[PDB]
Amino acid sequence: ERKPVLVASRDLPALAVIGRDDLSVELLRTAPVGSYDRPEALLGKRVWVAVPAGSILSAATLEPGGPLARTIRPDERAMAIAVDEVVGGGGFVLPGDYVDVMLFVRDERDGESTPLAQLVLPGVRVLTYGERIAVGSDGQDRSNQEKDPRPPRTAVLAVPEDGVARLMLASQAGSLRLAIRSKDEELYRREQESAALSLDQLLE
Amino acid sequence: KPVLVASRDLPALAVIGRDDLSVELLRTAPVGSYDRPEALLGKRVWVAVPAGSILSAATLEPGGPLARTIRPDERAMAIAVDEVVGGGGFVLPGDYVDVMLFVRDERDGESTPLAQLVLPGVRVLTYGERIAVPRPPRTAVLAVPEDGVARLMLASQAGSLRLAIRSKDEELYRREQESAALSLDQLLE
Amino acid sequence: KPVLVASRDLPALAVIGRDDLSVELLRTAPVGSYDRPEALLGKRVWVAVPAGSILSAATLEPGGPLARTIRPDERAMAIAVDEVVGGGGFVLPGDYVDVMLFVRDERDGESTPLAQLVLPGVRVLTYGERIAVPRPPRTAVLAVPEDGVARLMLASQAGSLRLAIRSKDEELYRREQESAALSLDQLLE
C-alpha cells in the first residue's frame, strides 16, 4: 500500500558520491518510475547533476549529462551567442521565447564595400538568458540564483543541426540582433506535438 | 512538511483538478513545492508529469512579456536611444513615432549626405525600464511590421536614427484595433 | 619513536605482507615514515627497496588523475574557454560536445571567412576546477581520439573555437561502453 522511496537529506553538489548520510527513506502512496527502494542500490554511485534537498532520487540523475543537455532533443544543439541590451530586446527576453536572428555585415568581395542585412535563423527557442534556464521534461529548474545581479552577457539557443555552422559565421562576420515573435502563434504548443537588402534598395 | 504530489499521470497542457493532486507529509520540503491544494487549482502544467512526482517548476509559463504585446504579423525589436534621438526624454510607451535616417552614401567615390523616412507610425512598446503589459534610458523597443525588420537593422547600423512623435488626435490606436531622399543639393540651392 | 623498516630485499612492483616489514624504535622519526604495520599492508612499492631501509615515498603511486579517465586509443588535451565558448557556464563534466571553428583563410591574396565542424561527440573530462575521476573558469580538458589531436591544435590556434552541446537522449555514453565548409557567399544569397 504505502511504498518506500529514497530521497536526499541534504544538498548534494554536482559530481558527488553518495554515502549513507546523504540518503533518507520516506513512505508514500505512489512510487515514481525510476525511484529506488533500498539504500544499498545507491551507495557508491555518482550524481552527475546537483540534487536539491528533499528531491526524490531518480535513475536519470545517475547518468552522464548536464543542465543544458537535459532540455533539448536529439535533432538539436545548444550554442551560445554574445548579447547586450540592444541585441536582447532591452533585457526583456526570457527562456521559452521564440526569436528571429538578423545579421548585419559589410561585404568586401569585389574591391568595394557594401552594407547588408539578412535573416539567417527563423523561429528559434531561447534556452538561457543570463543566469536563467528553461525547464525540461524532468520538471526541475536549475537557474543559478545569486546575489549582486550583474547585467546579462550571454544567451543560449536551441539550433537545428543544419544551422549550427550558419550561426557561427553570423556571430563573427558581423553584428547580430534578435526579433521576438508573438505568443499567439503558439509555436510552443506546435513543437510539443531571405533575400538580402542593400543600401541602394533602401535609399530610393 | 506538507507537499503536493501528482496522483495520476498528467499529460502536457492539462488543467488541474482536485482529483489530480494529493498531499504527503515529508521531513524536508524542496524549493518550489506548494503546501495547500488550492494554490495549484486551475493552473496548467506545461510538461508531462509522471505519477507520484513532487509538483514544482512544471506549473511555470514559458515566455516573456514582450511576446504578449504584439500580433502574429509583427515583431519586437530594440534600437539605441539618447535624449536627442527620442523626444527629449518625453517619449512614453503607447506612442507612435516615425523613424528618420541620416547616412552618407559613399558610392562612385564621392560622399553625399542624405535624409529619408524609413518607417512611419511605429508603436513604442518599451522606453528604458518602462513597459505596459535615476539612470538615463539606453534602448527602446518598437513593434515593427514583419517586412520592415531588415530595413530597420540596416538603417540602425548604417547611419544615424531619429524619432518624430505623431499627434494623439490622429487616432492611430483605433485604426490598429479596427517620398524620395533629400540631399544637400536640394536644401542649399 | 616507532618507525617501519624493510626486512628483506623487496623487488619492484611487489605487494607488502607482514613478513617483509619490521619495527624499530628511533629517536627521530623522518618525515614520510609510517608508525604501524597495518598502514602499509596491501600497498605496493614502485621502486626497489633494499634491506634495512626506512620505508617512505616508495609506496606512492606515480601518476595523475587525468590518465585514469581515458582509454589507450584516446588522449587528453586542454582548450581555452570563456562563457561564450562553453555554453554560458552550464557545461559540466560528462557532457558530449561538438567543436566548431571560425577561420579567416588567406590563400590567393583575398581573405574568406569560413566555418566548419572539426570534432563531433567529444567527452568533457574537466571544466575549470571540476573533475570526475569563486573564480571564472579558464580551461576545459577534452578526451580526443588519437587521430584528431593535431586537428584540434591547428583549430585552436588558426582561429576561434566554439562548443555545441548534444542531447542526453542520444545515449552516447552507452555507445562508448559498446562536411563542406560554409562561406559568406552561401549565407548571403
Side-chain angles (χ1 to χ4, degrees), chain A residues 5 7 9 24 26 28-33 35 52-56 85-90 92-98 100 102-104 113 115-119 134-137 139-141 175 177-185 188-189 192-194 196-200 202-204, chain B residues 5 7 12-13 22 24 26-33 46-54 56-58 60-68 70-72 74-80 103 105 107 114 116 118 126 128 131 138-141 144 149-151 153-155 157-158 179-181:
Chain A
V5 155
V7 313
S9 146
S24 162
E26 286 270 347
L28 317 172
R29 306 259 138 69
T30 324
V33 152
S35 55
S55 305
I56 290 192
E85 265 183 28
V86 191
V87 177
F92 288 111
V93 180
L94 277 185
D97 279 6
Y98 283 72
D100 285 355
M102 327 275 319
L103 160 73
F104 171 76
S113 163
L116 259 159
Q118 210 198 21
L119 167 82
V135 169
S137 34
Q140 303 289 318
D141 198 348
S175 34
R177 207 173 302 201
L178 294 175
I180 311 199
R181 319 198 34 157
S182 177
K183 200 210 190 35
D184 291 11
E185 289 200 65
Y188 182 69
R189 294 193 51 257
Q192 297 221 118
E193 48 215 36
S194 316
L197 182 80
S198 183
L199 217 53
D200 52 50
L202 182 84
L203 302 163
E204 64 110 34
Chain B
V5 165
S7 313
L13 306 169
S22 298
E24 312 233 21
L26 313 185
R27 246 178 299 244
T28 164
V31 177
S33 325
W46 308 86
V47 283
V49 187
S53 309
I54 303 195
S56 71
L60 166 69
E61 215 180 333
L66 262 182
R68 298 209 307 261
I70 44 154
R71 276 180 353 253
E74 298 178 317
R75 305 278 183 286
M77 221 177 59
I79 69 174
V103 77
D105 157 70
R107 138 184 269 257
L114 285 100
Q116 152 168 62
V118 292
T126 86
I131 209 185
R138 256 146 299 121
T139 45
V141 178
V144 192
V149 194
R151 294 193 29 139
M153 180 96 213
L154 196 47
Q157 296 291 134
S179 286

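Chain naming here is simple, since letters A, B, ... match the order of the sequence lines and numbering starts at 1 in each.
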**Prompt:** Going through the distances and angles, do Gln157(B) and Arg177(A) end up as a side chain to side chain contact (heavy atoms under 4.5 Å, CB included)?
**Reply:** CA-CA 11 Å; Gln157(B) 296 291 134; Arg177(A) 207 173 302 201; 2.9 Å; yes
Heavy-atom distances under 4.5 Å only: say whether [X] touches chain A with side chain, backbone, both or neither.
| X | result |
| --- | --- |
| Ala48(B) | backbone |
| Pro72(B) | both |
| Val144(B) | neither |
| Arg27(B) | both |
| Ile54(B) | side chain |

**Request:** Using the side chain to side chain contact (heavy atoms under 4.5 Å, CB included) rule, take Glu61(B) and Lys183(A) through it: C-alpha gap first, then chi angles, then the decisive distance, then the call.
**Result:** CA-CA 12 Å; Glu61(B) 215 180 333; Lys183(A) 200 210 190 35; 3.2 Å; yes
**Asked** In terms of heavy-atom pairs under 4.5 Å, which option from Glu204(A), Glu26(A), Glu185(A) contacts chain B the most?
**Response**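 Maximum pair count with chain B is reached by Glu26(A).
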**Item:** Winner by heavy-atom pair count (cut-off under 4.5 Å) against chain B, out of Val135(A), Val33(A), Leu203(A)
**Value:**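 The option with the most such pairs is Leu203(A).
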**Message:** Is there a side-chain contact between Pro115(A) and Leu154(B) in this structure, where contact means two heavy atoms from C-beta onward sitting under 4.5 Å apart?
**Reply:**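 They are in side-chain contact.
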**Asked** Under 3.5 Å, side chain of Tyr188(A) to main-chain N/O of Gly63(B), donor-acceptor pair present?
**Response**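 Checked: no pair found.
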**Asked** With only heavy atoms counted, which part of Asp100(A) is less than 4.5 Å from chain B, the side chain, the backbone, both or neither?
**Response**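 Answer is side chain: those atoms of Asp100(A) sit under 4.5 Å from chain B.
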**Request:** Check each atom of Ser198(A) against the heavy atoms of chain B and say whether the ones under 4.5 Å are side chain, backbone, both or neither.
**Result:**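 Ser198(A) touches chain B through backbone heavy atoms alone.
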Grab the two heavy atoms, one from [X] and one from [Y], that are nearest each other, plus how far apart they are.
| X | Y | value |
| --- | --- | --- |
| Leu13(B) | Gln192(A) | CG-NE2, 4.1 Å |
| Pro32(A) | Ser53(B) | CG-N, 4.4 Å |
| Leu199(A) | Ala158(B) | CD1-CB, 4.0 Å |
| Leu197(A) | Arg151(B) | CD2-CG, 3.6 Å |

